[PDB]
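Adding 1 to a residue's 1-based position in the first sequence gives its number in this note's numbering. Every residue gets a Cβ at the ideal spot worked out from N, C-alpha and C, and that includes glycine. Accompanying notes for the structure given below.
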Amino acid sequence: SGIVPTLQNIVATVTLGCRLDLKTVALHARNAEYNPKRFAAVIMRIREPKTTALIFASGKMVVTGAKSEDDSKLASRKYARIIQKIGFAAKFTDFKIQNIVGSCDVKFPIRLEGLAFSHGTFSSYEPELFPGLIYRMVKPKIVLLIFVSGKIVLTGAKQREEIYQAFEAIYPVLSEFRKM
DNA sequence: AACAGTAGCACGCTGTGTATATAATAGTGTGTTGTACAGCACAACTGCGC
């Protein structure tokens, strides 16, 4: 082994606590998009940490694109400050990470059909529909996308340890189904 | 007759469908409920006439 998964995307939610006028928000923000007809939220962005926020009239906000939990909270506080600077009585509350995505490379090809047959109740593999095997782990409850190349995607985690836990648990199985 | 330029065709590369999680919230679609409108031979009935 020796491989440890790399975090790729962190999704979080934040309650600003006050109602927002989206045209005002979009108008005053330096990096905003807002087309009511397409989606009901201002799509705001900041350069550091590089992230994207979906800002709603209710004052709720979704922050995505961060590569670390630190970066997620940091960028979230920053978006909240922007809203304040524009003039609303916003508050940075209820910061919570909802989804963590990770990925790695085991460095060997995998026999997906064998794995799907062996771990049938957790696996779903339809190569004509999507080339990767969808593995639904029980403990921890994580979803893994397994590819012939040996590249692995882990998602559905609320905490970093779950990403790490799942990979540790899957590695022996990937080894059992290697090609070379 | 030869050379240069322009147009057309073919090939290669980049971008967007499929799948995973996860939050946000008002809309859109579907289903259900309510209201309104549109071959014998003999056996029995029944029908007609006295």
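Distance, residue j Cα to residue i Cα
i	j	result
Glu-70	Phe-93	16 Å
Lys-140	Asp-72	27 Å
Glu-169	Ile-4	9 Å
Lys-38	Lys-108	46 Å
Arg-82	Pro-110	47 Å
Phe-89	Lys-159	30 Å
As assigned by DSSP and simplified to three states, the class of residue i
i	result
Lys-74	helix
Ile-164	helix
residue 1	Residue coverage of the chain in this structure runs from 2 to 181, which leaves residue 1 outside it and unanswerable.
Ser-2	coil
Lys-61	strand
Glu-34	strand
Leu-21	coil
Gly-121	coil
Which listed residue (the options) has its alpha carbon closest to that of residue i
i	options	result
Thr-16	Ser-150, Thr-52, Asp-95, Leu-146	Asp-95
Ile-101	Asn-36, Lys-180, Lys-142, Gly-121	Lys-142
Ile-98	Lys-74, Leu-116, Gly-115, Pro-50	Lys-74
CB of residue i within 8 Å of CB of residue j, strictly
i	j	result
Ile-135	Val-149	no
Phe-118	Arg-137	no
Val-63	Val-12	yes
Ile-84	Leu-23	no
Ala-42	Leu-55	yes
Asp-106	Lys-180	no
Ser-125	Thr-7	no
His-120	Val-174	yes
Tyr-165	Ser-2	no
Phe-178	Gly-115	yes
The stretch 23 to 33 contacting the stretch 45 to 59, beta-carbon criterion three pairs below 8 Å: yes
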